[PDB]
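Fold and contact review
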2 protein chains.
Amino acid sequence: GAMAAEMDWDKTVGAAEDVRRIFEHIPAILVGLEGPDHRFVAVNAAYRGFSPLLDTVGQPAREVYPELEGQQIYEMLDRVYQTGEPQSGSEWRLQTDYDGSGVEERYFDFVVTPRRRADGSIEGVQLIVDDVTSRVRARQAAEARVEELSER
Amino acid sequence: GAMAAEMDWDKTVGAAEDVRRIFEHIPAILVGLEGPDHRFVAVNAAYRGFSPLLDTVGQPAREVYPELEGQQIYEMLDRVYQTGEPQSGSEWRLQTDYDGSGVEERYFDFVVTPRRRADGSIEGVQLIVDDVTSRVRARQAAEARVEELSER
Ligand SMILES: CCCCCCCCCCCCCCCC(=O)O
Ligand SMILES: CCCCCCCCCCCCCCCC(=O)O
């Protein structure tokens with residue numbers, strides 16, 4: 001059959017206002033960024049609940065979490081934006097100020113992909129993030145316990 | 001300070017067209033459902049790629065995956081929609097036809113939450129889903145391997 005005509009977004013994805021309300025309430029940290037400076041363009045309630053430091057969308061990510069410039073993150077995002085090669089991480093240990101209580105260590109699982117405009121050029125990136133800090137800490141505590149029982 | 005006025009969605013979440021584009025391309029299976037019949041209202045490329053059986057949004061989920069009526073799923077969704085109590089699952093083993101190749105077993109991690117309208121009443125639910133079938137099968141194969149090495 002002939003190649004499919006342009007996507008009918010309303011039918012295939014959902015109406016824009018509905019999709020925004022659902023995105024806002026998806027029970028996972030979701031983030032969309034745009035342009036070569038990785039400006040926040042979409043963030044949901046989960047994101048803002050875990051990291052309430054972001055005011056309105058629009059800022060380059062580096063201005064919100066500058067310490068991550070020492071931890072490969074913006075170099076990584078650049079690569080995705082430039083080459084289109086997606087990336088993921090399992091339990092990446094990162095240190096920055098997430099909620100205004102001070103710099104701290106958190107662990108993250110994530111997947112990041114590029115986003116293309118109609119002509120095929122990359123306009124930004126988006127990610128799912130899982131804050132696994134408490135789960136890593138629980139695993140560590142459980143290991144400490146079995147270590148202690150086995151030693152005594 | 002006074003209570004905050006109504007959310008400025010454009011500034012807090014993102015512009016509706018932008019947010020829909022980002023939702024569509026989030027590297028995770030995302031699904032929003034509306035009303036007491038759990039009608040699909042938002043689905044992304046990841047969802048449609050893993051389960052290409054859905055045509056346009058709008059159908060009750062039960063019509064697409066009817067077998068799951070034998071596997072607690074619609075009773076679970078009803079509970080979330082009725083009571084507002086969110087639910088999650090780790091490696092739930094479910095059998096239905098996901099891609100038109102026939103009924104098969106898949107394993108899922110998920111989180112499902114309700115979605116409220118302005119007056120506080122629940123208008124639907126939404127979920128993140130992680131298809132963990134291949135990871136469960138890999139774990140099983142690795143266990144079978146250590147079992148066999150230890151037995152010989
Ligand atoms: C924030 C820049 C995007 C880079 C994505 C790499 C994955 C690490 C996520 C760290 C960003 C801040 C974490 C936000 C939510 C949280 O602390 O759980
Ligand atoms: C399909 C709507 C019901 C949602 C209820 C529980 C979510 C876990 C079960 C997901 C079943 C559909 C899976 C589609 C994507 C895939 O097969 O990876």
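As stated in the entry header, the method of structure determination is X-ray crystallography and the reported resolution is 1.62 Å.

Details of the packing of aromatic side chains
Residues and elements named next belong to chain A. For the structure on display, the rule yields 8 aromatic pairs over all chains. A ring pair is formed by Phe 40 and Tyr 47, whose centres lie 5.8 Å apart and whose planes are at 70°; its orientation type is edge-to-face. For the pair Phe 40 and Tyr 47, one class covers both residues: buried. Three or more aromatic residues joined by ring pairs form one cluster here, namely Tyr 65, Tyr 98 and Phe 108.

Let's talk about the sheet that holds strand β1 (residues 29-34) of chain A
All names here are of chain A. Read from one edge of the open sheet, 5 strands run β2-β1-β5-β4-β3, paired in antiparallel fashion. In this open sheet, the two strands that pair with only one neighbour each are β2 (39-43) and β3 (87-97). If you compare each strand with its neighbour and ignore which way they point, the axes differ by 35° on average.

A short note on the site of ligand 2
Residues and elements named next belong to chain B. What surrounds ligand 2 is a group of 14 residues, the closest being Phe 50, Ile 73, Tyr 98, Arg 106 and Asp 131. Here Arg 106 contributes a side-chain N or O atom positioned 2.8 Å from an oxygen atom of ligand 2. At a separation of 2.7 Å, an oxygen atom of ligand 2 approaches a polar side-chain atom of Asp 131. Within the complex, 98% of the 490 Å² of free accessible area of ligand 2 lies under protein.

What counts, and at which threshold
- Residues numbered from 1 in each chain as written, not as in the entry; some residues may be left out.
- Chains lettered and ligands numbered in written order.
- Heavy atoms only, no water.
- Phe/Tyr/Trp six-rings, centres within 6.5 Å; stacked < 30°, edge-to-face > 60°.
- Buried < 20%, exposed > 50% of the residue type's maximum accessible area, 1.4 Å probe, protein only.
- Pairing = 2+ DSSP bridges.
- Helix = DSSP H or I, 4+ residues; strand = E, 2+ residues; numbered from the N terminus.
- Axes fitted to C-alpha atoms, helices over the stretch in contact; angles between N-to-C directions.
- Near = heavy atom within 4 Å.
- Polar contact = N/O pair within 3.5 Å; in protein donor to acceptor, adjacent residues only side chain to side chain.
- Areas by Shrake-Rupley, 256 points an atom, 1.4 Å probe, with all protein chains shown as cover.

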